[PDB]
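Chemist: The data below comprise the sequence and an experimental structure of the protein.
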Amino acid sequence: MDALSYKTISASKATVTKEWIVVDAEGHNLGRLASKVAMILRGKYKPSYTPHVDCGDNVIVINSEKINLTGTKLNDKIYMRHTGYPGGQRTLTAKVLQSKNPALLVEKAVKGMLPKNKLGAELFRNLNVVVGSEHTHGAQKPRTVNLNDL
Amino acid sequence: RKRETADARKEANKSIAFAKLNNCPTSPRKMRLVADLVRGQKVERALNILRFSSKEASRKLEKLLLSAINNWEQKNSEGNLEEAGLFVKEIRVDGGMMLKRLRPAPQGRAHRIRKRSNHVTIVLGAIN
Amino acid sequence: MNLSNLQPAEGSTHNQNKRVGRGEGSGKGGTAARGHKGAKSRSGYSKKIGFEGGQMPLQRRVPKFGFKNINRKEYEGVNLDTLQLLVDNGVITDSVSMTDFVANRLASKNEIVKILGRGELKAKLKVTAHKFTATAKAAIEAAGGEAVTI
Amino acid sequence: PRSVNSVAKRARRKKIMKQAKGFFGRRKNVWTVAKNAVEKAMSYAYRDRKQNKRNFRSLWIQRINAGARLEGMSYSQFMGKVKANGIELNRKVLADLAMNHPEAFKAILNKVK
Amino acid sequence: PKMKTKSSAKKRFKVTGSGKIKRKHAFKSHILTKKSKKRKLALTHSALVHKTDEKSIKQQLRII
Amino acid sequence: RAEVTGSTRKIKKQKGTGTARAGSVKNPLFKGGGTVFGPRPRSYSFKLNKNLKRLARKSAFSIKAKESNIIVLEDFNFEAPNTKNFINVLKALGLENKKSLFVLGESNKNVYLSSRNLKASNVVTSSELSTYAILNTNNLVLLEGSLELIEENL
RNA sequence: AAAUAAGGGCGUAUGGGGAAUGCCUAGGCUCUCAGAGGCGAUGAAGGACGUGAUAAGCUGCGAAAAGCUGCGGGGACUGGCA
RNA sequence: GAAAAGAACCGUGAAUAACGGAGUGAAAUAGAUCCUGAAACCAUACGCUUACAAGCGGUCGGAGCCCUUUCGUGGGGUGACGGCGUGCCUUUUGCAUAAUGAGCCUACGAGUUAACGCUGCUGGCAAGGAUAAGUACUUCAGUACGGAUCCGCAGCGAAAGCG
RNA sequence: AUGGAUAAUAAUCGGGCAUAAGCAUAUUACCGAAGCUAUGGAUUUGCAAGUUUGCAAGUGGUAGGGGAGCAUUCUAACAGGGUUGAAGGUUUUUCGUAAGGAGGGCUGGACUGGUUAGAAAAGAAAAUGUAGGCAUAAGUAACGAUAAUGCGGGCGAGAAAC
């Protein structure tokens, strides 16, 4: 009979407000930036976060070509890409992978810190990883956010 | 409740025109194939489809529709038939009482064979 | 009061609904009351009384002893205490014969009575019995009349 | 006399099957499949009631953390300074304030900070 | 019908005055020349059925 | 299982059939088998001490005496059996539409026949009284002559 | 005429299917009281074949064949199930 | 079906296959598969969802959309999305186990009775307690009488015996 | 910390990944269970008042032991209901710790049942259990010697088979 009389209001799709955050990845470590990017994408810096709603902002990383790894990880980081056929386990390297589409580094770093669900596959579509220094969104008026102010 | 009152209230079939085909020695799964092509069509397109269908389940279904048309003409005596523009509102193919026979399988055993029947019901409705 | 208000004493009636093997929830269900498998859980099990598992029972490890006399004469046994308690509540006066023993349910019709000497008989009586004891005769002949053997 | 429990035998299972309304497949009409599904549903309903009380506290804590990190603070420090100040407001009310009344939330934060 | 009394138990196991069962001792049959006179004197007096066997002896004697 | 009209023959083989093992068609879990643990011809009479029985019969009289449902007549006699006359003498006592038990001291066949047809009146001699008979009625009518036998028998 | 996601899931309503349940009895079960405890060479029990204005079965009856005679009861319908 | 009053007659149809009418009845959705007639099972209409999304199919949260409304921190239906979650029985130290068993529904189906005893509660009488077979009367498978006999009141000893 | 070979379906700190988000010591705040506490309610023993209340200790549970009860069929008494609609079937509301009770709408067209006491053919989800009905496999296997059929007329509503 709805005997609660005091409920916790959860945000809906008609009440959320998505922003267009732009993040500069010039001086930043891969995982150290990807953690904050994934937290912003999921949406947890708003005091209205509902776990089942696609809250949060849309992140545009604008310097992914200028990211760096700490140790000899650029030469000793391996990515496994098994295909499904017998003997089809392919291994890449962090140095070879950034030679073609360097945005894949940040893309695969962010994909993995997400809830791994339908909500979490729909959150990956809000992340735009640009290899250059200028995006192609244009008439959206995105604001720059420094990850050191969170 | 008074059963005569309930029956007099339920006897509202003086307007709806329908037709039934009971105890047809054909399986329902094979007539439900031709009922889907007729369901919702016009009263003449349905007749053409049933007359040119390559199924033995249509030879006795094409005249049930004619009987339904005749029942509609009987109920709506005052008025012609082509101005109304009849169609096939609803058509349902139900099951029926099946006969059970035996077939001698190899090595001294017997299998069962069920000769199935089906009931067909059709209502016309009008566009006007 | 009436045939529609019959009520027995509190505690004379009981459950009468207790049946064994009527589902889990009434107690005895499933393996009804016999635990798990074994000879004591099979239909038709009966405990062999003398059986001791396979070894020699006590009713067979102990020797037999004694015999039975065919001419055993067993007397009834009446005490001076009972005689005095019977003479206090006046039913017998100055003569206790073999008839006052049957009229007071002390001996059967055709039996033999022996007067024992457990009591403190004080009244003067003239008893007629089959046998006497060294205490009963000495306590009767000294504290009252005679004691004749019949 | 011969006693047959024919009517109540089925009246008892109708009531247990009427709560398996909306189940996929034969779990809603077949008796020996519905009874096996209603009991497991009640077993699942007994629990998740202890979990509804700790899944909402997590949401309250997350919302309080989000509302407190907007003022350059953290949930741990905020809760420490609130508990060692004589306030005694539960996380439900604190999250409701952080979500609906940001002015009241920041007033509480400035008072305890 | 009526419970029958076991003869093997009725020939032994004389019941005492109030609640006990009196029986005899064993081992005093045919090898008495090498046993000490102390054992033969102890095994001569009648004994009582132990409380662990009393239930079985009473079930045999038909005193449940 | 033993009285069923059938035959004690194994239906199917023990093994190699694929179905449940069975035989002796008269078994209870088959259609037409014997009723296991069914009813039997019995006797439901138990023993009560004739002291407790007369104590109960005395309590049944004391209950009516306390409830004030005891009348005493003068041992009337009817020439011919007449239900009309027997009903005529029920309003002088006030037992109309009430359950009455007339306890006679003697046969009085005419008085018994004059009430054999009524359901609200029962004529019973003192040599056949019972606790149930006393408790069933709503008003006892002890004729003068039956009390001498009721009192000196308990 | 309308609708249309090729199809599926859930809820409601209306149908076919089936025979459960409820009610009833034509039939059975255990007995009480009082009798009786056999039929057959004057041809038994059990059958076969026949018998009708009309006659496939059941019932009855035997070439005198759904029947014959005598003594009593009975008083308007009858030619068995039909 | 109370009683055949068991559907004369008309139309579609090749058709005395079936149906729609018309008459009988209180009822024909009581039409001879005939009283009421459920479940498994097979279909149609309507409302909500579903073609980038992996698992005992439920449970706890949760928008949106349809009906109702004492008007509601009321009810009903469907539910996009999130968290948790490897059916049941039996046998086992231990089973999601790839150990057993069941295609589903309806009906049947397994600690009952007699005789002789023992414990717990209750009742009558009380150093006494109780009748059995049977008999008499009667309004008859249902008050009186019947003390034969059984248990207890004294035990010990193999027994005579003593008490 | 470093070198001291490794196993056969693609692998591992659980994964992303981390140069600290590793390790060693010390401190503070916080998270964290059906543990403890706060609120409401129910129940078992022991102690008192009475004729339910108060306090204390409890309240996981297999084999197993004990105590209170529900439904079903029938019977004995008192009191009832029903063609102005009984039992039964289908939905809905409400009450109880539960077994279950009561009320309303629809079908149904004759029985039913309260209180106290009694009796038992007194409750199924499994026994490769029994009988009847109905699904799945599925419109799938098969339509029973590879000696063979084609055309034109006839009856007929309808012909590859007459």
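Modeler: Looks like it arrived, so ask away. Numbers count the residues shown, from 1 in each chain, chains lettered A, B, ... in the order given.

Chemist: Please give me every residue in contact with residue 147.
Modeler: Looking at chain A here, since you left the chain open. If you count contacts by Cβ atoms under 8 Å, 6 or more residues apart in numbering or on different chains, residue A:147 has them with A:23, A:28, A:33, A:36-37. The way it works is simple: take the backbone N, C-alpha and C, and place the C-beta from them, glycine included.

Chemist: let's do chain C instead
Modeler: Going by Cβ under 8 Å, 6+ apart, residue C:147 touches C:115, C:126-127, C:129, C:132, C:136-137, C:140-141.

Chemist: ok, it to residue F:65 distance?
Modeler: 55 Å (Cβ to Cβ, to the nearest Å).

Chemist: For the spatially most central residue of chain F, grab phi and psi.
Modeler: Chain F has residue F:132 as the residue nearest its centroid, 7.7 Å off, counting by Cα atoms, centre = their mean. For residue F:132, the backbone dihedrals (degrees, to the nearest 10) come out as phi -60, psi -40.

Chemist: neighbours of the residue nearest to it when sequence neighbours are not counted, just the number please.
Modeler: Ranked by Cβ to Cβ, 6 or more residues apart in numbering or on different chains and with sequence neighbours excluded, the top spatial neighbour of residue F:132 is residue C:3, at 7.9 Å. Residue C:3 is flanked by 8 other residues according to other Cβ atoms under 10 Å in any protein chain shown.

Chemist: Residue C:3 contacts residue F:134, doesn't it?
Modeler: No: assessed by Cβ atoms under 8 Å, residue C:3 is found out of contact with residue F:134, at 10.5 Å.

Chemist: Which among the contacts of residue C:147 count as buried?
Modeler: Burial by neighbour count, 16 or more other Cβ atoms under 10 Å in any protein chain shown: within those this picks out C:115, C:127, C:129, C:132, C:136-137, C:140.

Chemist: List the residues that contact residue D:112.
Modeler: Neighbouring residues of residue D:112 by Cβ under 8 Å, 6+ apart: D:78, D:81-82, D:85, D:87.

Chemist: what's the answer for residue D:98, then?
Modeler: Residue D:98 neighbours (Cβ under 8 Å, 6+ apart): A:47, D:63-64, D:66-68, D:105.

Chemist: From the contacts of residue C:147, which land in strands?
Modeler: C:115, C:127, C:129, C:132 (DSSP state E).

Chemist: Quick check: the farthest pair among these?
Modeler: Within those, two members stand farthest from each other by Cβ to Cβ: C:127 and C:132, at 8.5 Å.

Chemist: Report the set of residues contacting both of those two.
Modeler: Common contact partners of residue C:127 and residue C:132 (Cβ under 8 Å, 6+ apart): C:115, C:140, C:147.

Chemist: ok, of these, which one's closest to residue F:3?
Modeler: Nearest member of those to residue F:3, counting by Cβ to Cβ, is residue C:115, at 63.8 Å.

Chemist: Isn't the closest one up against residue C:80?
Modeler: Yes: counting by Cβ under 8 Å, residue C:115 touches residue C:80, with 7.3 Å between them.

Chemist: what touches both of these two?
Modeler: Common neighbours of residue C:115 and residue C:80 (Cβ under 8 Å, 6+ apart) are C:136, C:140.

Chemist: Point out the residues in chain B that sit beside RNA strand I.
Modeler: Contact residues, chain B versus RNA strand I (Cβ under 7 Å from any atom of the strand): B:1-3, B:6, B:27, B:29-30, B:95, B:98, B:104, B:114, B:116.

Chemist: Now the buried members of those.
Modeler: Among the residues of chain B next to RNA strand I, those classed as buried by neighbour count (16+ other Cβ under 10 Å) are B:27, B:116.

Chemist: Around residue F:125, how many other residues sit close by?
Modeler: 17.

Chemist: Spatially, which two of the residues of chain B next to RNA strand I are the most separated?
Modeler: Using Cβ to Cβ, the two most remote members of the residues of chain B next to RNA strand I are B:2 and B:104, lying 57.3 Å apart.

Chemist: now what about stretch B:31-40, what contacts it?
Modeler: For stretch B:31-40, contacts defined as Cβ under 8 Å, 6+ apart pick out B:24, B:46, B:49-50, B:53, B:55, B:57-58, B:61, B:65, B:87-88, B:90-93, B:118, B:120.

Chemist: buried set for it?
Modeler: Neighbour-count burial for stretch B:31-40 flags B:31-32, B:34-35, B:38-39 (criterion: 16+ other Cβ under 10 Å).

Chemist: CA-only coordinates of that stretch in PDB, if you can.
Modeler: Only the C-alpha atoms of stretch B:31-40 are listed here, as PDB (Å, rounded to 0.1, in the frame of the first residue of the first chain):
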ATOM      1  CA  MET B  31      -6.200 -25.600 -42.600                       C
ATOM      2  CA  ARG B  32      -4.600 -23.000 -40.500                       C
ATOM      3  CA  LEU B  33      -2.200 -22.500 -43.400                       C
ATOM      4  CA  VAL B  34      -5.000 -21.400 -45.800                       C
ATOM      5  CA  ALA B  35      -6.900 -19.500 -43.100                       C
ATOM      6  CA  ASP B  36      -4.000 -17.100 -42.700                       C
ATOM      7  CA  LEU B  37      -4.300 -16.100 -46.400                       C
ATOM      8  CA  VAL B  38      -8.000 -15.400 -46.000                       C
ATOM      9  CA  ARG B  39      -8.000 -13.700 -42.700                       C
ATOM     10  CA  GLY B  40      -8.800 -10.000 -43.200                       C
END
